[PDB]
Structures are given as C-alpha cells and as structure tokens.
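S.K.:
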Amino acid sequence: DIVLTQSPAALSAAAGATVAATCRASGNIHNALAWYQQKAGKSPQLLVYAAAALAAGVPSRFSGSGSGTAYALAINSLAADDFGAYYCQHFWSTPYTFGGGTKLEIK
Amino acid sequence: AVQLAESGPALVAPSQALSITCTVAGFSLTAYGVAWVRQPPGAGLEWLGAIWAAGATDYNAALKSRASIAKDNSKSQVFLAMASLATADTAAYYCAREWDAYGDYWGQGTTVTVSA
Amino acid sequence: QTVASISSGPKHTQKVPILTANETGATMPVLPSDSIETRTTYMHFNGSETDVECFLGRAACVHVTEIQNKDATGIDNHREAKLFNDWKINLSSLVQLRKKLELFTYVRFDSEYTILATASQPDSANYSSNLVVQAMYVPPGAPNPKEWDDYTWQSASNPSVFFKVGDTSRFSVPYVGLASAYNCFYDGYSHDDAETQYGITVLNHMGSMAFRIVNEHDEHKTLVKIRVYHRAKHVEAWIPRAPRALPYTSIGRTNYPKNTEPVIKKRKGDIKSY
Amino acid sequence: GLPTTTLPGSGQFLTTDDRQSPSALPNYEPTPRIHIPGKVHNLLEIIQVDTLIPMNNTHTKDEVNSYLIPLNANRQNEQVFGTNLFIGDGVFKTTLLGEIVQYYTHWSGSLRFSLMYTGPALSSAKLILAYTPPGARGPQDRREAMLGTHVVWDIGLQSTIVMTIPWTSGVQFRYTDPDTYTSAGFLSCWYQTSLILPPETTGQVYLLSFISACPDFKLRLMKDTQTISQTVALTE
Amino acid sequence: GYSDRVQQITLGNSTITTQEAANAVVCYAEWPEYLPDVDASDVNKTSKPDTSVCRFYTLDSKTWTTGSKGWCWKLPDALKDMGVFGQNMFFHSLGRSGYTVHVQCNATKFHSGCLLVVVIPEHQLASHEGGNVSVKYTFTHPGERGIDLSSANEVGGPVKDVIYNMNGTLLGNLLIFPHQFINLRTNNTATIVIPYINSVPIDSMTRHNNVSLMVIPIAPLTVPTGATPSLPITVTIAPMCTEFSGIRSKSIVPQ
Amino acid sequence: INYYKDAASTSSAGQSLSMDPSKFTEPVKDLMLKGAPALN
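Residue numbers (PDB author numbering), protein chains in the order written: chain G, 1 to 107; chain E, 1 to 116; chain A, 16 to 289; chain B, 1 to 236; chain C, 8 to 262; chain D, 29 to 68.
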C-alpha cells in the first residue's frame, strides 16, 4: 500500500511570503493526488485535485505541481486566508492514504 | 446544492458497535461514491474507507476487519459501522462525495468520543 | 441507388466485425449493420460538397491593405506614406483560409484573384474621387516600385490590372509553384546554415502584388482599402494533417503564442456527466 | 452588336461563384505533377480515420491525460464515462471528425466509436458501451443504459471494441452546431462486470476513445468554424 | 501457420524478427519505389547503393519512465551518421529514400502503457517563443539522439509540449498520419514502411527533413510492483529504394 | 464553352469521382478482413 510522506510538519510564515509544501509517495501516483486545506474547526477543503488543477473557487495563488512520486503544493503571495493544516491524499489505488499534514503558523 | 450531513451518537462506550449515518442531499448514491475520513484532534486526517457508486466498498488496510460501510440508495443514507472501539477512534468523522474519484463536498462532521 | 445501410438480422456468430486491434494503425470500416439489426436505407448523397475542389475552392479574403491618394511633394519613400503598397502573396496572413489549407501539407491549385477596392474620405472632401487602382503582379526578380509613379509601373512584362475603386478586379493565375505542389509545411531550411530561417520557403511563393492609385491627387486625401480575395481552383491536395488547434502567430510558421488558453473545452462535471 | 439586358446581381462578387476569368499569365506552363502519395479528393475519406477523443476533459489544462479514460478495479455496475453526442462541441470539438464537421452545417450518417483497452494483458474487464438515442435523458444506472443501443465488450486478446452510433434520427440531417431539436443522444460506458487486475499490479488502467465516421456519413452547407479566430493580420 | 503477429523483415544484411506484432503500416498504401523517368527532372544518373545503405540502422535506445513525454526523430537526419547511408547523404547534393521504421518496446503481461508511434510528413516544428522566431538548424537536426520531448526549452529550439505535437495541432489528431500503437498488452513492436513523400522528385537531404518519427506515450507506463519503472524503446530504421544524385565533395553542415 | 486559351482560366473540375479512404483508413500491409481476428 502506498504511503505518502508529506513535508514539513510545519512552516511559520507571514503574509505575502511564498510557501511550498512537499508530498512524497512510496509508489507512482500518476498525478492521482489531491491537496486539502483545513482551517481551525472546519471541514477539509479540496484545493488542488489531480496534483496540478485548482478546484472550484480556489484562488489563483495556489499551484500544484509535480508528477511521479514527488508532489509539491506551492503558494505564491500567501494571504491571511491561507493559514491552517494542509494535507496530501492520493487517489490512485485504494487505500487512499493521506500525508502527515503540514501546519502554517502566523509569523 | 450538494449536502452531506453526518449524524452519529457522538458519545459511545468502548468495546461496542459504532454507527454513523451520512444523509445525502443534492445527488443520488447510485451515481456517486461516498468516502469516510476521520480526524482525531491534533492528529491529521485518516481515510476510513469508501463505498462506491454501486455497493462495492474499499477500506483502510488497518481497519478493514472492524470497519464496514453500507448504504441505502432509496433513503439517500450511507452507513459507516465500526466494531470494537478503541480510544484512538475518538475523532471527527467526515463523509465525502466522489468528485472525479477524489474526495470533496465534506460535511461538518460528527465528533465521536469513545470513553467511559 | 447507393446503399447506406443493408438489412441485417440477428447474428450469433464467430466472425466478430466489431472487435479489432487499433494497434495496427488501421480503422476497420465497421458498418452499423455489423452490430445492430438494420434496415435498407439509401444514401441519396454523392459527397460533392466535401470534395476538396469545393472545400478549398471558394473565395476567401487573404489580404487587406491601405493605399492613399494624396499629394506626393516632399514625401521621401512613398511606401510609408502608403502611396503604393506591395504584398507578398500568401494564404497565411488571414487564418480562415489558412486552417483550411494547413489540413494538407501539399496543395496544388490554379489561383483566382478578386481584388476589391473601396474608397473613403475621412476629412474635408467636397466630392468622392473616381479613382483607378493599378494592381501589378510582381514576380521575384522584377524591379520593385519605390515611387508611386516610377518606371516599374509601366509593367511591360509584369501582368497588371487596372480597375475603378468600388468596382473589382478578377483574374486567374496558374499554379506558379517551383515544385509539383505548394508546401503548406516545410520541415527544412533554404540551405545548411546555423542562422537561416526555418519553415519559410519559396516552395509556396506565389508572387507579389503592388498596388497604387493611378490618379494624381485632389485637394482632399482618399483612403483606398484593397481587399484581395483568393479562390483556389483545380485543387489537388496531399497528406491530410491534424487540424490547427492553437492560434497562429506568424506567416509560414507553425508557432503558437505562449500562455495560450486551453483549446480542449473542460466539462462542467466529471467524465460521467452528459 | 448583340442587344443585351443586364440582370440583377451584375457586378456583384459572390464569393462562391465558379466562372471563368482571364489568366494573368498567358502561355505559362506549370510544373509537372509528379506522383505524391496520400492524395485527398474528398473530406469524407479522411474523417473515416479514427482519432483520439479528449474525453477526460476534466483538467484545467490540455494534456495527454485528457485522452485517457480511467478504469478502476473494485467497481461493479458503475459508469466509466458519459457524453452527449453533439459532435461539433464538447469532447468531440477538437477531434479530426469534429473539426471537419464544424466546417459544415448539417451532418447525417453513423458514427464509429472505438475504445482501446490499455491495461495489462493478465487483466480483464467487461464493459457495456451504450448509445442512448434522443428524447430520453442521459442514462444513470446501467439499467437505463442497456435499454438503448449497446455493446457488451469483453476485453481479451483484441484490445479494441468498435461501437457504431447508428443514425437514429427522424430528421434526415442534424446540425453540427448544438441544437436541441436535432441532438444525437448520449454515449456512456458502464462496468458490465468489473476490472480485475492481476497480482503485483495496482491502480488505474486507461481506455483510449476513438471517433470516426461510418461510410454513410454526410456533410453539407459549408460554413466557417468557431475554432480559429484572428485579431490582426499575420506577418512574416 | 499464417501468424499475423510474427514477422521477419530482411533488408540488406540486417534482419528484424518480431513475435508480438501488429500488422505493419505502409504509409498511404504506397510502397517505396524508385524515381521513374516521367517524374524526374534532374538529368544525372542516380546511384542506387542497395545492400550497403538499404539496411537496418539501430538508433540509441530511449528509456521510457512514467513521465516520458515522447521522442521525435527526423528522417533522413537520424541516419546522417549511419554507415554508408550517412556518407552518401553528405557527398551527394540530391537524395530520396523510403524507410522501414521499426520501433521496439517489450514488457511483460503485467505491464501496461501505450506508445503512439507516428510518422508525420514534413513536421515543421514550432518555436517555443512564438512570434516570428525560427528554430535553429541544430535543433531540427539532432541526429541519432532525436528530440526528447521531456527536455526543457532551449534558445533557438522547438517547443516541446507533446499535447500540441510541437506544431500547434492536438495530440489526438495525429492518427490521420500513418501510425501504429505499441500497446504493451498486444504488441511489442510497431513497423511503419514510409515511401518518399515530397513535392519535388528528389531533394537535398541535409537542409530538409521529409518525415518525422514521433514515439509518444499516450497511456503512461505502469510497471508491476517491484519492477524497475523503466522500459527501453529502441528504434530501428532502414532506408528503402534509396537514390543519390549529384555527387560532389562532402557538405559541411552546422555542428 | 471555354472563353480563354489557358487551362488556368477554366472553372472548377467538379466531382472528383474517386473517394477511396482505404489509403488512410487501412494503410496496412496485410489485408485485415472485417470479422476476422485482427491478430492471431
């Protein structure tokens, strides 16, 4: 079963900065990977499906990239809305395991 | 409007049977699959399983011998059932909808605490 | 009289026409009669309009240019002032005929040109001028005009046509390609050189048309737009190609702009939705 | 001098006229026709060639994955894909059939729809490819789908099914532009049994969808395409 | 007996067998032929160096690894350093040739993936800058190595987006060109026999490429668990009915 | 009736009468019959 390694556990940053969360995979995911954000006390919200494509209503500063086994969620000009735990999940070949998670703390 | 309302007992003794319903609005369960994902507080998301758009279920590889997902198409309800509850099952249980085979349209969840 | 579908009943057979292998690179000509029960219908249809003589053989606007009729005193080059204007003939400047022609890599046709001239006086005219346009077909190697009234417009061997503005011209030109067809595409160079241009060839060179107003000038300034319409005829086309998906950027090049919009339309929904 | 009367439309330039005209190059002898392979006489020849359908157009960008229809392992009774059969729009708009269709206003005749299976040779699947003719909606449970025109496709040594979309129309011609009166119906694939993968293989296998025209295909009333457009004239 | 999937192609002293094959493609149903007198304009007697040039030349093998976008070769350019064929190509001003292109990719019955093997006559490449920017000579003439479509854009190079076929046309519409598929469950080889396709009877072989061979992964390579995520793709090209005309000194191309 | 001496001056040729899609749809070496197995 495919095990997703998400890095790092946390990044303390400020608004306007550029943040890159990285998700690695034990097996080849073939871009069948999703990115979730989660604010405090909220349901997880799908940001980037298919490892590169933004979801509905997701603002154009999030950008998924990567293929094969290395996947990277980059935020260009982070804003105040963009704070919380971030998750990677693969949707290649059940079980659809998650990553470890990545927090973002206000600097 | 696509809505998925989780509804559980929210407080259950251990070594019992757990049961969460996901009441579905805005779509039919014959056409979309439903995924289950939990989140214990502090810890990250764990995928529990998925019932697909017709009956076939895939489960978390650690929890397969105790979790079970069923549904009722005519009632638009999805039934997560867990057995032999440990205190690691204390989580916020979410239900999703199959969206390009990804998980989306997450409900508000139910906090289910396993305690005595 | 031509059969569209044949009558077919229930088959329970080992000869299976609808299972094949497209790894062979072939499209098997599977009929509807091969997998459903059909009735006899007739075509009533020859296919005469999807013929390439009919497809590529109607007049498309290929060039729109400006020339002027004004007083040429002290004007140095007479070309920037648009007292004359020449055009290197191509079917690649305006993209509607281009996408029809770049469906093939080789095409051979007799050309038919219809040249329409329309006048306009945007300021200070007491009347509309009755003007004559000279359209001089200038093959490569002929002296190009530098003045609107120099020796080159005598056109002793250049074919030239005079027509009134508002009226139109019409003349045919034969297939003037160097090769047996025109190259719509050219995976090559003129010669073996590190800096020579790619793809642009003289294998689709068709000549040039120089345009001037034969009249001197009036008090007012007359803007004459010249629109060239090309109709291909006796069309022979070879090697059908993939259709152009992206917007063109240049004549004679297959280039497309950076950061262009996606040409495949995204669904509203999943792959399961209708 | 012959007495003549000059009719309406004299001095007009209809761009579709086919008349004679004086040659600007008298006595010009053009280059000989050598034999070039691949000569096209008629566009109904080359739309009978299958080309890949970008049927997974669920991505924000155009890539190779638009052509790949994903199959999944533990799936009974579900849907693989679905599309309406407006062949001058949607998934068909950019195919070779759908690009030449957009030069014409009316179409008639049957469509050739192929699916190539691409998974491992030790895998297996049964799929049911359904054509729903118009007047009904797009089918939703595979029971609604097999009431229409369908092919049950067992996947084996021959990786390609060829479904025809037969000409199921009361009107003799359909608009290539999407019009509701003259819609062609719906196309959908469903898991007929499931996809069984061999051991040591996992994940999704893909289908490649193809579209072409049957020999009864008709096209008429040539028109411009909405595919290509232009703002300024191009230069060298 | 009559196995359509087991073929032998012998050209010269070179032989290719395949046991898992589709039917070969003869492009536009014309087999290669020599230039007849009715089409010829060049008055030189052509040299037809049959067994020494009309033979298989195996190129360098490409590694297909799950994120491979594709590869493009140019003919006659991918054979410009290949034996006697490459020498006649530079010592003559004119030359025409057909080709038997044979692309090879074996796997197991556990592998999946699909290669579009396609021959495009006069695949004029697009510059990645757009505008009126040309592609330089050395990028359109890469030789045996070909163009790797997974590589980055270089200054003066072509665009390498495989979805737009390096020319502004979509990938799915390449099947109008004579093509095959190496679908790994079906065949491990693709054979395409190309005639001489040009608007001139004979041509310069150094300034111009007649056809392009593109080997494009459509469906991605999925290997079984524990396998290396890599399949070699080997391309073997043989000239066919090859004429050469206008013998002079050896031409000097760039690089 | 042609009113000019040049063959370029004439109008269109008409229906081309060939309509052979087999060089594009079946450009294969060995003849694959419809109904037969493609590869044996």
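Ideal Cβ positions, reconstructed from N, Cα and C, are used throughout, including at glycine.
#1: For G/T102, which residues in the same chain have their Cβ closer than 8 Å to its Cβ, ignoring the five residues on either side in sequence?
#2: Is the shortest distance between the beta-carbon of residue 117 of chain E and the beta-carbons of chain A less than 8 Å?
#3: What is the rounded straight-line gap between the Cα of E/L18 and the Cα of E/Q77?
#4: For C/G175, which option in A/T237, A/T264, A/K283 and A/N105 has the closest C-alpha, if you only look at C-alpha atoms?
#5: Is it a yes or a no for the region 37 to 51 of chain D touching the region 41 to 55 of chain B, going by three-plus beta-carbon pairs under 8 Å?
#6: Mind checking whether the beta-carbon of B/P215 lies closer than 7 Å to any heavy atom of the ligand COA?
#7: Helix, strand or coil for B/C214 per DSSP?
#8: Taking only beta carbons into account, state which residues of the region 205 to 221 of chain C come closer than 8 Å to chain B, listed in chain order.
#9: Is C/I254 buried or exposed, if buried means 16 or more other CB atoms sit within 10 Å of its CB?
#10: Assess contact between the region 69 to 88 of chain A and the region 247 to 261 of chain A, defined as three or more Cβ pairs (one per stretch) separated by less than 8 Å. Is contact present?
#11: Which residues in the same chain have their Cβ closer than 6 Å to the Cβ of A/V79, if we skip the five residues on either side of it in sequence?
#12: Assign C/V13 to buried or exposed, taking buried as 16 or more other Cβ atoms, counted over all protein chains shown, within 10 Å of its Cβ.
#13: From which residue to which residue does the beta strand (DSSP E) around residue 240 of chain B run?
#14: Under three-state DSSP, which class holds A/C199?
#15: Quick one: what does DSSP say E/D89 is sitting in, helix, strand or coil?
#16: What residue range is occupied by the uninterrupted alpha helix (DSSP H) comprising A/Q111?
#17: Quick one: what's C/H186 bridged to in DSSP?
#18: For D/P49, would you say it is in contact with chain C, using Cβ-to-Cβ distances shorter than 8 Å as the test?
#19: From B/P8, B/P70 and B/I46, pick the residue whose C-alpha is nearest to that of B/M55; which is it?
#20: Restricting to Cα atoms, I'd like to know which of A/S184, A/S144 and A/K103 is closest to B/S23.
#21: Which residues mark the beginning and the end of the alpha helix (DSSP H) in which A/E68 is found?
#22: Could you check where the beta strand (DSSP E) with B/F81 kicks off and where it finishes?
#23: Return the CA-CA distance between B/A121 and B/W167, expressed in angstroms with no decimal places.
#24: Starting from the N-terminal side, write out each stretch of the alpha helix (DSSP H) that is 4 residues or longer and does not extend beyond the region 80 to 114 of chain C.
#25: In chain B, which residues lie with their C-beta within 7 Å of the C-beta of E/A54?
#26: Contact defined as beta carbons within less than 8 Å: I believe B/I128 pairs with B/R142. What is the distance between those atoms, to the nearest angstrom?
#27: On the three-pair Cβ rule with 8 Å, is the region 214 to 232 of chain A touching the region 158 to 174 of chain A?
#28: Residue ranges of each beta strand (DSSP E) run of no fewer than 3 residues wholly in the region 139 to 203 of chain B, ordered along the chain?
#29: Using 10 angstroms around the beta-carbon of C/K52, count the other beta-carbons present and answer buried if the total reaches 16, otherwise exposed.
#30: Can you confirm whether the region 143 to 162 of chain A touches the region 194 to 210 of chain A when touching is taken to mean that 3 or more C-beta pairs between the two stretches lie within less than 8 Å?
#31: Comparing C-alpha positions only, which one of C/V140, C/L101, C/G233 and C/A197 sits nearest to residue 267 of chain C?
#32: Going along chain A, which residues have a C-beta under 7 Å from E/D104?
#33: Work out the CA separation of B/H35 and B/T227 for me, nearest whole Å.
#34: Quick one: grab the DSSP three-state call for A/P47.
#35: Could you please give the first and the last residue of the uninterrupted beta strand (DSSP E) stretch that includes C/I259?
#36: Which term fits E/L11, buried or exposed, when burial requires 16 or more other beta carbons within 10 angstroms of its beta carbon?
M.R.: Taking the structure as given:
#1: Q6, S7, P8, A9, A10, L11, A21, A85, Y86 and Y87
#2: Nothing can be reported for residue 117 of chain E, as the shown portion of chain E is limited to 1 through 116.
#3: 16 Å
#4: A/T264
#5: yes
#6: Among the ligands in the structure shown, none appear at all, so the ligand COA cannot be discussed.
#7: coil
#8: Within the region 205 to 221 of chain C, the residues whose Cβ lies closer than 8 Å to some Cβ of chain B are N205, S206, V207 and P208, listed in chain order.
#9: exposed
#10: yes
#11: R242
#12: exposed
#13: There is no way to answer for residue 240 of chain B, as the model of chain B reaches only from 1 to 236.
#14: DSSP, read as helix, strand or coil, puts A/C199 in coil.
#15: helix
#16: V110 to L116
#17: C/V125
#18: no
#19: B/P70
#20: A/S184
#21: Counting along the chain, A/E68 sits inside the alpha helix (DSSP H) bounded by residues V67 to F70.
#22: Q79 to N84
#23: 34 Å
#24: Complete alpha helix (DSSP H) runs here, min 4: 90 to 98.
#25: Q76, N77 and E78
#26: 7 Å
#27: The region 158 to 174 of chain A and the region 214 to 232 of chain A touch, with three or more beta-carbon pairs separated by less than 8 Å.
#28: 149 to 154, 160 to 165 and 186 to 196
#29: exposed
#30: no
#31: As shown, chain C starts at 8 and ends at 262. That puts residue 267 of chain C outside it, with no answer to give.
#32: The premise fails here: E/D104 is roughly 11 Å from chain A at the closest Cβ pair, so nothing lies under 7 Å.
#33: Computed Cα separation, rounded: 33 Å.
#34: helix
#35: Taken as a continuous stretch (DSSP letters only), C/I259 belongs to no beta strand (DSSP E), as it is neither H nor E.
#36: exposed
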